Amino acid sequence: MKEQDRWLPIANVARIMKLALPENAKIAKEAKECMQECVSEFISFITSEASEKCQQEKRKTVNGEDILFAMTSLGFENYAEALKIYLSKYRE
Amino acid sequence: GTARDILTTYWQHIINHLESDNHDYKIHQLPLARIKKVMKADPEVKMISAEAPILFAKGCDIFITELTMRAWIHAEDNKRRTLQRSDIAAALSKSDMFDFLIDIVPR
Amino acid sequence: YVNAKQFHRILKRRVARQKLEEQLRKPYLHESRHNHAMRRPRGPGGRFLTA
DNA sequence: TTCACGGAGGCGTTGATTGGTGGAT
DNA sequence: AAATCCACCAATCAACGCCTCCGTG
Ligand SMILES: O=S([O-])[O-]
């Protein structure tokens, strides 16, 4: 376990922030670091909820449906229902 | 054009692009292996299906975008064109959906 | 007050993070890439260019 | 016994990491 | 006035995606 694996790469995060803003807009290094920490916790927060349900049902694999179910439980229902459409298309 | 009006229809535009786009699961803004390593940092997690990182790549794209747009509104209100950490902190306080980040972004 | 749907998971993550820091920003991540960037030919404006 | 599927490890890429300066603020 | 700090640039190498092989259920 490398300590730096808790976080997504900052350049990839920074690029998505850039595309979400006007062309003239600039982003402070602290805003990029803050966003990196927030989106990394988003993954861990949702994965932990999915993980505990997988363990309770004695399933070894966290699957796509577990992530969606965890997103609904934790009140990310826009994300759960949007990614459900995305998933069905990926399997279509 | 207004930062608020773009945010108020944000999910309509997400659903339009989901329902009518040439999704290339080939290309992702976020590397899948790194998403998987964040998941595996939790000792409770054993195995992960190939679909779970793919969902997180798209989910995290949407999440970074929504939060950046909410934060940009605060930057616009203070007549600044640089996005600051304080703009993200201000955005997090406006929705209880972000309560999970209370320890990541204190006060 | 706290999101009722997130309350329990927030505290599990706090304990898990407190445990993770126990068993583990630098100016840069890698010494080699740090040295590459300190070595390369720079333009007058401080930008890198093709070798 | 075969089928479905995800980890481990090897291979061929491959774009994230990186800092000095101008000028915006 | 004088200081702070982010976009700009592209080549190396840490690591990403894909593959094959094997273990599990
Ligand atoms: O109330 S929760 O933020 O600990």
Side-chain angles (χ1 to χ4, degrees), chain A residues 1-36 39-40 43 47 50-51 54-55 57-67 87 90-91, chain B residues 24-58 60-61 64 68 71-72 75-88, chain C residues 25-51:
Chain A
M1 162 72 191
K2 291 165 193 60
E3 64 98 30
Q4 206 55 214
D5 292 349
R6 285 178 298 191
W7 299 286
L8 301 180
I10 195 164
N12 303 57
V13 173
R15 188 198 303 107
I16 296 164
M17 295 176 78
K18 187 173 153 61
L19 292 176
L21 287 182
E23 293 301 320
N24 53 287
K26 299 178 162 215
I27 310 164
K29 195 184 184 182
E30 270 189 346
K32 294 170 180 169
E33 290 168 349
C34 181
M35 182 59 69
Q36 184 187 29
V39 66
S40 302
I43 294 171
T47 301
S51 175
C54 289
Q55 195 186 240
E57 299 176 358
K58 292 153 193 174
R59 295 186 292 98
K60 302 201 160 165
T61 305
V62 178
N63 64 35
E65 294 171 324
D66 298 324
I67 302 306
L87 177 59
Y90 172 81
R91 316 217 270 211
Chain B
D24 207 7
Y25 316 96
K26 185 178 179 179
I27 304 101
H28 275 106
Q29 288 276 35
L30 300 167
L32 300 180
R34 279 298 273 277
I35 291 176
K36 194 174 177 181
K37 285 178 205 176
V38 173
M39 296 178 70
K40 280 293 290 162
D42 190 336
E44 198 175 67
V45 171
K46 299 167 193 151
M47 295 180 93
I48 307 166
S49 79
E51 288 178 346
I54 291 163
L55 293 185
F56 264 133
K58 178 54 87 165
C60 289
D61 200 324
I64 294 160
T68 309
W72 181 248
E76 206 173 58
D77 288 353
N78 296 259
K79 301 102 184 198
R80 279 183 289 96
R81 295 299 179 190
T82 303
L83 193 75
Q84 299 292 338
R85 183 194 150 87
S86 67
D87 297 322
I88 299 168
Chain C
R25 275 176 199 283
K26 295 159 191 166
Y28 58 87
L29 295 174
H30 314 298
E31 182 61 22
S32 62
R33 292 194 191 284
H34 165 79
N35 293 326
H36 169 52
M38 293 282 267
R39 180 176 182 172
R40 306 164 60 162
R42 285 176 191 278
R47 305 174 173 184
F48 309 116
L49 205 28
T50 53

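Each chain gets a letter, A, B and so on, in the order the sequences are listed, and its residues count up from 1. Keep in mind that the numbers below use all heavy atoms, side chains included, and drop hydrogens, waters and symmetry copies.
- Within the nucleic acid shown, A:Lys32 comes within 4.0 Å of sugar-phosphate atoms alone, with no base atom in reach, counting heavy atoms only.
- Put simply, CE on B:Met47 is 11 Å from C1' on D:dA8, counting in whole angstrom units.
- Between the side chain of B:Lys40 and the backbone N or O of B:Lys46 there is at least one donor-acceptor pair closer than 3.5 Å.
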Pull out every protein N or O sitting under 3.5 Å from an N or O of nucleotides 21-25 of chain D, one pair per line with the distance.
residue : atom : partner : partner atom : Å
D:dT21  : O4'  : C:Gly45 : O            : 3.3
D:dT21  : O2   : C:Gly45 : O            : 3.3

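- Remark: side-chain polar atoms of C:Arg25 are paired, donor with acceptor, to backbone N or O of A:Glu33 under 3.5 angstrom.
- A donor-acceptor pair is defined here as one N or O able to donate and one able to accept, closer than 3.5 Å; no such pair exists between the side chain of B:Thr82 and the backbone of A:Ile27.
- Using a 4.0 Å heavy-atom cutoff across all strands shown, A:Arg15 reaches sugar-phosphate atoms only and no base atom.
- Using a 4.0 Å heavy-atom distance criterion, B:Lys26 is classed as making no nucleic acid contact.
- In terms of phosphate contacts, C:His34 brings a side-chain nitrogen or oxygen within less than 4.0 Å of OP1 or OP2 of D:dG19.
- Across all strands shown, D:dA8 pairs with E:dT20; the Watson-Crick or G-U wobble distances both stay below 3.5 Å.
- Between B:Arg34 and A:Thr61, the one whose closest nucleotide on DNA chain D sits nearer the 5' end is A:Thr61.
- Counting only distance, with no hydrogens or angles, the side chain of A:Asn63 and the backbone of A:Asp66 share a donor-acceptor pair below 3.5 Å.
- Mapped onto DNA chain E by nearest heavy atom, A:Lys60 and A:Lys18 fall at different nucleotides, with A:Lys18 at the one closer to the 5' end.
- In this structure, B:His28 places its NE2 atom 15 Å from P of D:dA16, rounding to the nearest Å.
- The main-chain N or O of B:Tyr25 is never found under 3.5 Å from a side-chain atom of A:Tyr90 such that the two would form a donor-acceptor pair.
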Run A:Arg91 and A:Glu65 through salt bridge (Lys or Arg N to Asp or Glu O under 4.0 Å) and show every step you take. CA-CA 13 Å; A:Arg91 316 217 270 211; A:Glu65 294 171 324; 3.6 Å; yes

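- Electrostatic pairing of A:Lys60 and B:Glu44 does not count as a salt bridge here, judged by no charged N lying under 4.0 Å from a carboxylate O.
- Using a 4.0 Å heavy-atom criterion, one finds that C:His36 contacts the bases of the nucleic acid, with or without backbone contacts as well.
- Backbone-only contact: B:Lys36 has heavy atoms under 4.0 Å from sugar-phosphate atoms and none from a base.
- Rounded to an integer number of Å, the gap from CG of B:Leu30 to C1' of D:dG15 is 14 Å.
- On the basis of its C1'-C2'-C3'-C4' angle being negative, E:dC16 carries a south sugar.
- Applying the salt bridge (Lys or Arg N to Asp or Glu O under 4.0 Å) rule to B:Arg34 yields no partners; only residues at least two apart in sequence or on another chain are considered.
- Remark: the backbone N or O of A:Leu8 is paired with a side-chain donor or acceptor of A:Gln36 at under 3.5 angstrom.
- Although no hydrogens or angles enter the test, the distance criterion places a donor-acceptor pair under 3.5 Å between the side chain of C:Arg42 and the main chain of C:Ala37.
- Of the candidate nucleotides D:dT18, D:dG6, D:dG7, D:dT18 has the atom lying nearest to any side-chain atom of C:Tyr28.
- Mapping B:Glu51 and B:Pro31 onto DNA chain D by nearest heavy atom places B:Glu51 closer to the 5' end of the strand.
- Stacking annotation: C:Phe48 is not stacked on the base of D:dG20 (requires ring centroids less than 5.5 angstrom apart and an interplanar angle below 30 degrees).
- Here the side chain of B:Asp87 pairs a donor or acceptor atom with the backbone of B:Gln84 at under 3.5 angstrom.
- Regarding C:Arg42, its CZ atom lies at a distance of 8 Å from the P atom of D:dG19, rounded to whole Å.
- Note that the first and last nucleotides of DNA chain E, 5' to 3', having any atom under 4.0 angstrom from a heavy atom of chain A are E:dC6 to E:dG25.
- Toward the 5′ end of DNA chain E lies the nearest nucleotide of C:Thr50, the other residue of the pair B:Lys37 and C:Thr50 mapping further downstream.
- Residue side chain C:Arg40 does not reach the base of D:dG19 through any donor-acceptor N/O pair under 3.5 Å, judged by distance alone.
- As rounded to whole Å, 13 Å separates atom P of D:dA16 from atom CD1 of B:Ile35.
- Atom CZ of C:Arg39 is separated from atom P of D:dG20 by 16 Å (rounded to the nearest Å).
- Phosphate contact (OP1/OP2 of D:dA16, side-chain N/O of A:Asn12, threshold under 4.0 Å): present.
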